[PDB]
Structure formats: C-alpha cells, structure tokens
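One chain comes next, on its own, written out as structure tokens in the form deposited in one PDB entry.
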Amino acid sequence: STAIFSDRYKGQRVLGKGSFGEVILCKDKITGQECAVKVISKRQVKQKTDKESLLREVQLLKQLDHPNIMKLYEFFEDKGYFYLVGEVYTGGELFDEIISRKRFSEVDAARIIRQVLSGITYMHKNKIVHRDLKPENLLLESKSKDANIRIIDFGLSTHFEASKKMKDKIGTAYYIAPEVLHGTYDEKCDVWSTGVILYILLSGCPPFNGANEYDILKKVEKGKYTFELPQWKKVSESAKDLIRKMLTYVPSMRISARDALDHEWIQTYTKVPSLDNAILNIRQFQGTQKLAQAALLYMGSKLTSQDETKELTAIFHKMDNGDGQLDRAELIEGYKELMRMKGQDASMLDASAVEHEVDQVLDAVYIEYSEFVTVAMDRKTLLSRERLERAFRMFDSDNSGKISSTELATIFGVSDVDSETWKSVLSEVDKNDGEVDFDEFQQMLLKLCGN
C-alpha cells in the first residue's frame, strides 16, 4: 500500500472505544471534511482472512449505500495498523436517547426496528453479515427528533477475530445467536440479535439473562425464554408474535430480515400506551452495563499507566548528565520512543500530535523528568477516571451516594469478577457493611488490579 493516513487526515479528538479499536474524530487536511476513523492495531487484533479477502470486502463496503448503514469512505493500512475512515454521527447510542425521554411506546419501538431491519435487509442482499449486532452498534445520525439510526461495524467480524478480554466482551452475550456459539451460522444470526433488541425495547430486560457471562450463554444456547414479566401485559400480541419468529432457534425456520419488515406489527405500528416500566428497566440496564464497562476500563488504564510510567522513566534515565533534568527536544524523543517500543497511540496519529502533547504537559510542568512523567501519565488516564465517577453517579439513580452489596454482585457479575474475590477485597478497604461509596468502590477496583 503506497498511501499514508496521516498525510491526508489529522486527529482532532477521541470519540470513544468501538469493536476492534479506538474511534478518532479526524479532519481532511485539504477539504476540511470531518470523519470518524477506527484504528485497528494489527498486534492486538488477529485477521480471520487474507489481505486479498479484506481489500475486496472494503471495496464493496465503500460502494454500498443505505440510510440506516454507516458510510465507509476510505481504508488505509501501514506496518502495524488498519484505518477505517467513514462518516461521523453525533446523536450518540440509541439506548442513551431512550433513557432520556419520559414517554416510549410500541410506535417508537416499531419505528426503531423498521430502520434496523431496512439496514439489515439491504446488507443481506449484498451478502454481508454483522454477527455482533447489539444496541452499542445502533448510533443516531444527529441530536434531533427525526434522527435516523445508523448501524456501525457491518462486515468487520468476518475479517477480525473477537477479543477474549472482558473489557471488550462486556454486553455481547445477551445478543449473540446460538448458532454463532457453535460455529455454523449465516445472515439469520442478525435477525436473532434484532429480536433480542426488540425484546429489551418493549420490556427493558434481556430475554436470556444471568449473573455472569457463562450463565447468559447457557440460557442463549438452551434458547428458552418467556413473556412472564408483568410489563408484557401492556404490549400487543403481534409484537410477541414477531419476537417468537425472530427468536426461532433453528435458523432455517427463523424469519428473514425482509419478511420481518412485512410483519403485521411493523406495518400496523408505522402507519397505544406508554411503556413506563420498560423505560425504568432500560435506564437501570444501561446504567449497570456502563458502570461495569467503566470499572473494567478503569482497571485496564491503571495497569497500562503503571507499565507506561515505569517504561517512560527508564527511557528518560538512559537519556540523562545525572541531575535529573532534560530539554523539550529530549522529552519529545523519549516520548516518541515509548510509542516506537509499545505501539502508536490512537490519540496521537503522527510526530506533530506527540510534539503538541509534550507542549500541553510542559504548560503545567531543563525540567525535572520525574515530574513530567507524573503529569503526562495522569492525562492518559483522565478519561477512564472521570468516566468511572460519572458512571457511578448515573448508576446511583436515587443519589444516595452508595451502592448495595446486591448491586455490587450485579455489577461485578456483568464484569466477570469472581464473587469470592471482590467479597475479600471489600474487607481490606472497609472492615466495619452492606454498601460502599464511590471512594470505597474505586479502592476495591484498585485492589482488584494489583494496587
């Protein structure tokens, strides 16, 4: 490949973490067009196919166009990374918008799922399967009332191997089709996933639920679920009929994405009481998923920070007369060497991004390099520490300031943290019971990652 990513685009801001890599807000250096770029590290992510298979799917994906599918513009590849450049959406995740509004009904759910099914139907006609369809992959085009839903990451699971790390697997077991767990699957796995999303939109509870990942997967694999919750009494029988056809265990007997669009419930509710119990259960579910995710990313960032702190200190030690002071030019070289040894960071695309990152640290801090490391490494974790407190405060819906032991079991259950391990961890931080405040919860996570 004779085309460089950094020569055409410049990083502006980090948008978040997606499947297989970080998503950066970028801008074309000539035309000024803003774009979302997913950076996939070749070291941290294995390819399921060859280079020729990936290049041909990317070429197809670039020519495809549907209003409920993300637009892919470009694709780049250097020695250690893949860069998927496409359209940026600012409306956020679909479930984050549902928890904000006070009224939600079957007319809203039908309008949501019709968009999702139009996108899936279109992508299935072009022989492209998602496999990992879940609410996080449903983004809203803009912060508007009539904001369309854009499905992201279509086709990536065919070419990139799924992560085994829980910080990347969180919230996926609820939506995965049984045939995907056993290896023989086709496009019908995306109808199952949509069916699960539809079940959560109308009730606020996953149909296959459990206290941990393996318990959820056991339920999925058995394939049995009920409509025995009181909230289903308020919902129509045609909605229940569609879910039954979408959550049909044998994929050949399961409804297609196309035939799901012609279903009576779609055509009737896109041409009625508000589900108030569903909104309260989606709000609770979203808060729980986001706090467990923030806890895992907080522990990861603390481990990444400890490794990078000690590695950067050794680089500045070898570069030092002995007094412990270094110049701006030396600090940039030592910082650039940290990326050459531990891979390029998603936030810093080129040498200019590193030069400005050192300038931002030196604004706060011949300068003491031990002081520079402390500040520079706290800026790498800033997003993970603040997101944890924000996620703890959002989860604490009644603003009591604490979370019960029952909520800790549910949070640590979704994080796959062993019950006996976290129960032993709270006794060391708080000896004398039943609940923890944010400081104690943060102290528990610090002890769970060797601190």
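C-alpha atoms forming the largest set that superposes within 1.5 Å between two forms make up the rigid core. Quick note: we count residues from 1 along the sequence shown, nothing fancier.
There is another form of this protein, the form deposited in another entry, and it is not shown here; the text below is about that form.
Only one candidate in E179, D132, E97, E333 has its Cα displaced by 2 Å or more between this form and the one not shown after core superposition: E333.
Relative to the superposed core, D378 undergoes a Cα shift of 2 Å or more between this form and the one not shown. For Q360, the Cα coordinates differ by 2 angstroms or more between this form and the one not shown after the core has been superposed.
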